[PDB]
Every structure is written in structure tokens, then in C-alpha cells.
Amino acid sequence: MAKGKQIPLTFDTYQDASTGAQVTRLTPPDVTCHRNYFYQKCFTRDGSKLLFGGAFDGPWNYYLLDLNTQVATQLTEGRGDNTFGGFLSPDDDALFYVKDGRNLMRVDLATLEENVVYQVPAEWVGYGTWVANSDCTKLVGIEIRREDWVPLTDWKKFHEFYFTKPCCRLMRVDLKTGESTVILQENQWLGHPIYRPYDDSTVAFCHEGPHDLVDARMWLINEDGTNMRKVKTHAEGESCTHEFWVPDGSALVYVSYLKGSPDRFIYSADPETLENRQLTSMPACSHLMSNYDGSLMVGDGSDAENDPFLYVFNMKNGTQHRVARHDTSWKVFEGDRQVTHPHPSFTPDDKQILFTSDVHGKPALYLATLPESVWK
């Protein structure tokens, strides 16, 4: 294998053991393959091609899978790809991803030629995922001062890091010029910056750290650095997590729970009004994602083997649907703590959900067909 090489994949279709839903496995479970982060574009607009990470060449690299032809083309090569943060451009003509922790790359999908768009400078370390605006002309991301950075290779390191008050800057990068601007810089752990879809003037970001210790999880700031404000004031004992933009940019959605009760709730916040509203209760899930207008949501039942199910929430109906099993082990493969995360999202047609599981050996990609009962 190498950049540009093609491999044919077998698609194995069966019925879910619990729900009877049609499920198709897309990748062979003797090779580690996984989907990207759920909020990053991986399907082309017409739903015919799919970006994923695979280990066929040895390390984990990007591939584009033609879902009609069942051929995967290797997009990137070498040992330093972050195969989770990558996304397709709006026009389906480019892949953006980070190589060697520092180099934000653009890959031309026709030629497979790469260009380095931006390099995190020497005195800083890129943290987390770079996220584009809807126009795909700008990126936001976090850089942490090298002096303050440590490799966060386990959950104890991740826990302790919060108390060090690392110097973090929220960067915005121009994709055409490669120029960078600091939006915000503070001595506290900043994370998950995400442009509001169709509103470049609004950037959401978090205070990373233990859920029950952070002053407030969710923040908004204007693109120019002005008007930094919290999305909500946490009630006593309240944790807020799993925040994401509805892809149409209508609302910020998140999960809320209170110390003393296991119950989880989906909430929505209006970005202009900052009214936060409780939408529905949910089973404990590890992630949450919606379709384009937030009329459907999907979540992956959490580890304690506790809950092997994928749930779909019909937000028009207020109904909840146990649609299929993910059956992931949640185990670490090759040091990576995200690789077995199901990370469900909807196909562009809203008929299927895409997720990772290692149920059949190594991590693989699956598509589960939503039952007619989701829409009654």
C-alpha cells in the first residue's frame, strides 16, 4: 500500500441481535479501522463516499471509501497522522488533517497532493481538534505553551493537568493566507473550540477539566475576542458535557446531570437569547450528535459492558428508540483511547447511523439502518 493505492472491501450485512435492524460492516475486523470524530464532515454531500482511518499500510492513515464500488483509496501515508480530527471540505474536494501534531495539512482529493496550511510554532503545542467555519476559509483550535504541555496519555494525567493552569490560546487560522490570530489567551485549560455553523462571529469553547470542578463548562466568544460569556450558570451539583452545535447553527446542544441522581438530560441553548431549555431525558451515553436541523439525535450507550445500545431521539415526537447494538468493548488499541468509541452520526439521508465498534475483533466501521418506527 501507499498514497493513491486502492483496496477492495467486502461489505458484510446482517441483522442486529437485539433489534433486528439491518447492519452492514464496511471494513475487515482483522485490520484496525475507525470513523472520524462525529462532529467533523466524513461523508461527501451526496452520501456516496466516506472518509475513515485504517491500518492497512501499517500505521493509521486516511482512506476514502466509495460506498457504491466498495473500493477504498489510501489518501495519506506515513507514521504521524491524526486520523480522528480530519474533515472533508464543503465542496468534497479536499481533506484537512493534522500531521505530526503540528502541521495542518490540506490534501487535494483529485491529485492527492498535500500542502501545509499552518504550522503550530516551536514554543507551542497543538491541543485537540481544529474546526473550520462553514465556508471552510478559517479554522479555530487550541495551542498550549510547550513549557506547560505534557503528553496526556492516561486519565490520571488528564485529571492532574487541569490543576496546573496551563497557558492556552484560542487561535484562528486563515486557510488562504495561513495567517494566525489569537482570539483569547488565559492561564486555564481551554478546549473544543467550534465555529457556530453559518455564523463566523460566534465561537463556542470549553473550560476543560473534571466535570464537577470546572467553574463552567461552556463558553461563547466573538470572533474578534470580545464578549466572552458563559452559555449558562451551572446549578448546584450540575455537570454539563457533550456540547455540540446543531449543524444548521440554530442551537448549542449539551447533556446535563446532577450529583445525587443518575438521570441525564438533553438541553438546548439559544446562542442569541442564552435561554437554556430541557428537551428530554436520555440513557447515559458517551457522546451525542444530531442530524442537520436537530430533529433527530443519536447517542452511544456508555460503559460502566453496561449499555451496548445505540439510541435515536426523535425530537419532534419526544420519542426514544433503541435502534441497534454498538457492542464496543471501549478497550484501548495501540495507546488510543478514542479508537473504540462508537461516535455515532447520521448519514446525509438520515436513514442510517455510522459508528465504530470492535465487536468482531479490531475496530471496524458499521452502518445501522434506522427502523421505520423512528418516524412511526
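Numbering starts at 1 and runs along the sequence shown.
- Unmodelled residues of the deposited sequence between residue 304 and residue 305: 10 or more.
- Checked against the record, the higher mean CA B factor of 227-235 and 135-143 lies with 227-235.
- In this entry, 152-160 shows the higher mean Cα temperature factor of the pair 152-160 and 93-101.
- Considering 86, 121, 197, 283 together, the PDB entry gives 121 the largest C-alpha B factor.
- Per the PDB record, 316 has a higher Cα B-factor than any other of 49, 351, 316, 35.
- In the PDB entry, residue 299 places in the lowest third of its chain by CA B-factor.
- When the modelled residues of the chain are ordered by C-alpha B-factor, residue 249 sits in the lowest third.
- In the PDB entry, residue 289 places in the lowest third of its chain by CA B-factor.
- Remark: residue 117 belongs to the highest third of its chain, ranked by C-alpha B-factor as recorded.
- In the PDB entry, a CA B factor belonging to the highest third of its chain's modelled residues is recorded for residue 110.
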